[PDB]
Protein chains: 2
Amino acid sequence: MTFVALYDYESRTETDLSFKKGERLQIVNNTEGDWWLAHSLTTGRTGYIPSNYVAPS
Amino acid sequence: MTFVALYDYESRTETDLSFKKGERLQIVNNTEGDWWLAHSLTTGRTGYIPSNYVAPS
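What counts as what
- Residues numbered from 1 in each chain as written, not as in the entry; some residues may be left out.
- Chains lettered and ligands numbered in written order.
- Heavy atoms only, no water.
- Salt bridge = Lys/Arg side-chain N within 4 Å of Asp/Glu carboxyl O.
- Helix = DSSP H or I, 4+ residues; strand = E, 2+ residues; numbered from the N terminus.
- Buried < 20%, exposed > 50% of the residue type's maximum accessible area, 1.4 Å probe, protein only.
- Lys, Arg positive; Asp, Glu negative; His and termini not counted.
- Polar contact = N/O pair within 3.5 Å; in protein donor to acceptor, adjacent residues only side chain to side chain.
- Contact = heavy atoms within 4.5 Å.
- Buried area = accessible area lost by both parts, 1.4 Å probe.
- Core = buried A, V, L, I, M, F, W, Y, C linked by side-chain atoms within 4.5 Å.
- Domains from an automatic or database assignment.

Structure determination for this PDB entry is given in the record as X-ray crystallography, at a resolution of 1.650 Å.

Written out as structure tokens, the structure is:
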């Protein structure tokens with residue numbers, strides 16, 4: 001469950017995690033699931049979604 | 001591909017996408033990759049990260 005950062009990353013929102021190249025990171029088990037960038041065909045809006053909230057169609 | 005929302009979701013940040021149960025959503029291809037919740041063992045900070053920025057160790 002352990003990963004290493006390949007690049008520096010600066011946070012853009014109150015919820016992302018800033019890190020430097022080299023840091024050791026562990027994935028946190030989440031009820032939300034992985035987040036994906038999605039576009040709503042229903043509303044035209046676009047943004048990140050919790051993948052546990054959706055199902056293939 | 002195309003997914004259907006199973007639940008309503010209200011946005012928490014400027015970057016997430018609010019949706020209602022029933023909406024049809026499409027995955028937007030992204031250089032960041034899927035986002036994961038991660039804990040830095042190096043810094044103790046915790047937040048979402050772009051999975052393309054890390055590698056298993």
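Picking up where we left off.
Q: Looking at this structure, how should I read the pattern of salt bridges?
A: Taken as a whole and judged by the stated rule, the model has two salt bridges over all chains. For the salt bridge of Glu32(B) with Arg12(A), the shortest nitrogen-to-oxygen distance reads 3.3 Å. Note that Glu32(B) is positioned in the loop between β2 (24-27) and β3 (35-40) and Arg12(A) in the loop between β1 (2-5) and β2 (24-27), a pairing that runs across two chains. Judged by relative accessible area, which is 48%, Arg12(A) ranks as partly exposed.

Q: Quick question: what am I supposed to make of the side chain of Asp16(B) here?
A: Residues and elements named next belong to chain B. Summarising the element assignment, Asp16 is placed in the loop between β1 (2-5) and β2. For the buried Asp16, no salt bridge exists, and the shortest N-O distance to an oppositely charged side chain is 4.4 Å, to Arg12. A distance of 2.7 Å separates polar atoms of two side chains, one belonging to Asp16 and the other to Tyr9. A polar side-chain atom of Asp16 sits 2.7 Å from the main-chain amide nitrogen of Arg12.

Q: For this particular structure, what's the right way to read the interface of chain B and chain A?
A: How big an interface is tends to be reported as the loss of accessible area on association of its parts. Opposite the 47 residues of chain B that make contact, chain A presents 46 residues. For the chain B and chain A pair, buried surface summed over both sides reaches about 4600 Å², with 64% attributable to carbon and sulfur atoms. Linking chain B with chain A are two salt bridges, by the criterion used here. Between the two partners, chain B and chain A, sit 27 residue pairs in polar contact. Counting only elements with at least two residues in the side of chain B that touches chain A, the list comes to β1, β2, β3, β4 (46-50) and β5 (54-56) of chain B.

Q: Please explain the nonpolar core as it appears in this structure.
A: Soluble, globular proteins show a tendency: their nonpolar side chains are buried together. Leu25(A), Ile49(A), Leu25(B) and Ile49(B) are the most contacted members of the largest nonpolar core, which has 26 residues in total. For this core, the two domains that each supply at least three residues are domain 1 (1-27) and domain 2 (28-57) of chain A. Not counting residues up to four positions away in its chain, the partners in contact with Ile49(A) are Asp34(A), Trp35(A), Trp36(A), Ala38(A), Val54(A), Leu17(B), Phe19(B) and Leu25(B).

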